[PDB]
Structures are given as C-alpha cells and as structure tokens.
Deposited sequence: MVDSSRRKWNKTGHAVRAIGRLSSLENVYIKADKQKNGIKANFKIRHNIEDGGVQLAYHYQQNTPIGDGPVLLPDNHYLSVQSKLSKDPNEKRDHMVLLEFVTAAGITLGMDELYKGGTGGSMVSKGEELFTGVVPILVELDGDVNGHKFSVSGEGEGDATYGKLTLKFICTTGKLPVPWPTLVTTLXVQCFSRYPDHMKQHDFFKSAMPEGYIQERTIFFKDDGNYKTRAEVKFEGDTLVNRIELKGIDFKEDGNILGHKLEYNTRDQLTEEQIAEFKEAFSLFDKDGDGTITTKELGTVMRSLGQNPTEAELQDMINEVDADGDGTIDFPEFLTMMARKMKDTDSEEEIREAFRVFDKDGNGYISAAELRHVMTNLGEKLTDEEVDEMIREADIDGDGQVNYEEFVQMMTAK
C-alpha cells in the first residue's frame, strides 16, 4: 500500500541522474589553470533549499609545468558537527572527496602521507566583517580532511555551511586511471590562486580570492571574502539554514532504495545498464538518447565502468535524500504522474503510470493508493499531498 515509495524513489532516482550535483572541472589553457562550476544545496531550517551556484578559477602561482585535466568532476561527502567543549562560534568538518567522470606528477609526492593544514579567512558581507581560523589535517590517499574552524571575531554573521566551499581540493583522491588530471597537486609546492563567485539564489553573492600553497611542511589556504546584496532577513544574514548534516542511513531506508533499485535492475544482476535505465524512462514516457543515458550514468558512476552498481546507487540516493529538492524539481516529479498537468493525479493517471511500469495492480489496488495519499478526500492527489507522500 505505502508502495508509493518504490515508485516515488524511482522517480526520485531519475531526478538525481538527471541533475548535475558534482564539482565540474575543465581546463583553462589561457590561464594555464582550470575552471570549475557547481551547485550547492543548503537546507532551510524549516523546509526548502537555499541554492548556491559557484563559478571557480585556478591559476598556478609558480612557472613550473602543471597538469591540465580533461573534463571530470569531484564528488564530496561532508559532515559538519560541533565540539562539545568549544565555547567559541566554531565548526568541526569531516570531508571525503573523490574524482570521477572519466570512464575506464611530481607534486603528487607531497601528498602521500598525512599533511597538516591551516586555513585563514577574512570576510566582509554587507559590511559585516569577520575572521575564521581553521586547523587540521589532510590525507589525500583517502581524499580525507578533518578540520576545526573558529570564528576569531565573535559571532559569525553568516551560517557556517555557506563557508565550507571557500574554506583545498589538492586533498581529493584521484583514482589511478585519472592521476594525469590532477591539476591541484601538480601546482604544488608553490601552489595556486583560487577565485570564486558564489550566487545564492534570491539573495546576495560572495566573491573570494585565496592563495593555496605550502608554508614549510604545512598546506595553507589564505582567503579574502566579500559578500554584497544580501537581504537583511534572507536565509544567510537571517541565519535560517540547517547546521546539522542529517546523515541518517536508516536501514529501512536502505531497503526502500533496494526496492527502487530493483525496478531498474530487472535482470537482478546488481547493476543498472543504459538498456535498463532507458527501459524505465520510456515506461515513464521519456525518450532519452543513448548519449543522454551515458551521461546520466556517468554522473554517478564512481568506478567508471559505465554502469550504476548497487553501492553506487545507494550513494547517489543517500545524497538525494540528505539534500532538499527545489520546487521546480518536485514539480517535475509531480508531472511524471500528473500527465495532463491540471494539478491533480487522478485514479486513471496513476493506473497509466503503474501499468506502464509493468507493476501488476488492480483498479481496486490503484484505488487504495489514492486513499493512502488523499488527505482532503477529493479522490485525487494534488501537489501538496504528493509532497507529504514523498517525505
């Protein structure tokens, strides 16, 4: 009955494969560097997302030859926590970062063991000034960082999660077949300039400039930050963003993802191919190209084999649940059922979905599905009811 989940999760899975959530890197030959772009989703404490669109560029500080990558991405897992004995405004951060996106150097040497890190930031957002110091270490063998940041000026005037991207991609793990694409370590020890502009949707933007390089045996990130046009009661200056990661692999949740996974893996081999992804998408009335199938897959394909295997699927859904979708995204999902776009999923509409999905349900079982979802009782599922169902 609560079999909204399987179908909900499959639609949600296609949504993930359809989005662009990683950190995309491209060569910037004119600068002998790289450029990057990506999106960050910040949960709003009471529901919703604050999106932050990043544009990035990096040039080497030295003249030594450096590595210019083919296009690829980094994939980041962050967990933010608090130190229970710390009385200052602070953030504990634990991060894992792995390169992927390409299918199957001398500075790299400096990163084979544990390397100490110092971070220093001065900022100014809407005239509100502040500093942050951070210290910890980096273990590139595993793409790992552990760091503790302190707001050295008192209360931080923006939420800590908005600073995470600004506060050392040289610590990411490149897999063996991609080592030639690691611009970040190749620029070391003398390092690189990293610049960004970061747009918070419906709000202000940050401009950052940082110098990242070895000082002694320590990897140091020194940063200036300027934010303008922030709304005094927006999510940023109003402090309306969640701090807590919310990282809850709830095991009955894993079992829910397995169920969705099986809708796609119809031969039961524990991997999803383009054939299989295509089949599910046509059933739902899309018509992706062979190339789009390869790109969708490549977006979550950690090993580069061209397929989404089961662990890669759990990792992707994990992230899809930790982050909040935008209205546009929840609407697009809704439309997968709302075939005529009137605002209402009718009994007939849900039938057409479930039937085309190969799901063997009766006009009686379909009726039960509506009832489970139909709060207001009109015999249909409207937008809000859909949202409640999907939570």
Go through the deposited sequence from residue 1 and tell me which stretches lack C-alpha coordinates, in order. 1-5, 110-124, 188, 413-414
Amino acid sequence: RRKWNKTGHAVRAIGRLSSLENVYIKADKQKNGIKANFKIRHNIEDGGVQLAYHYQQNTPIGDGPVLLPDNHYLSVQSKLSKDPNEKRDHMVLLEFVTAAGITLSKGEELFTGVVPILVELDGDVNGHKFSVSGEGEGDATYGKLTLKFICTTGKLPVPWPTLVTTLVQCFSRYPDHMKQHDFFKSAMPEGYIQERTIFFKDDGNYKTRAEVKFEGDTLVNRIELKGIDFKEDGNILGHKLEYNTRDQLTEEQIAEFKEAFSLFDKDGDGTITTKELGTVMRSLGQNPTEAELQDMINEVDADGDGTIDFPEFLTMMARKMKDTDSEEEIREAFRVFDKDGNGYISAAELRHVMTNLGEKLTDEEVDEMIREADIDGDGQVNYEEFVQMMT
From here on, numbers count along this sequence of modelled residues.
Mean Cα B-factor check, 83-91 vs 219-227, entry values; winner is 83-91
Pick between 362-370 and 63-71: the one whose mean CA B-factor in the entry is higher. 362-370
Out of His181, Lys207, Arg246, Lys240, which shows the largest CA B-factor listed in the entry? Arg246
With respect to the C-alpha temperature factors reported in the PDB entry, which of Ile198, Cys151, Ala140, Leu284 ranks highest? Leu284
Please place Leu20 in the lowest, middle or highest third of its chain according to the CA B-factor in the PDB entry. lowest
When the modelled residues of the chain are sorted by Cα temperature factor, does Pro175 land in the lowest, middle or highest third? middle
Is the Cα B-factor recorded for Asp28 in the lowest, middle or highest third of its chain? lowest
Ranking every modelled residue in this chain by its Cα temperature factor as given in the entry, which third contains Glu290? highest
Chain third (lowest, middle, highest) by recorded CA B-factor, residue given as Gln77: middle
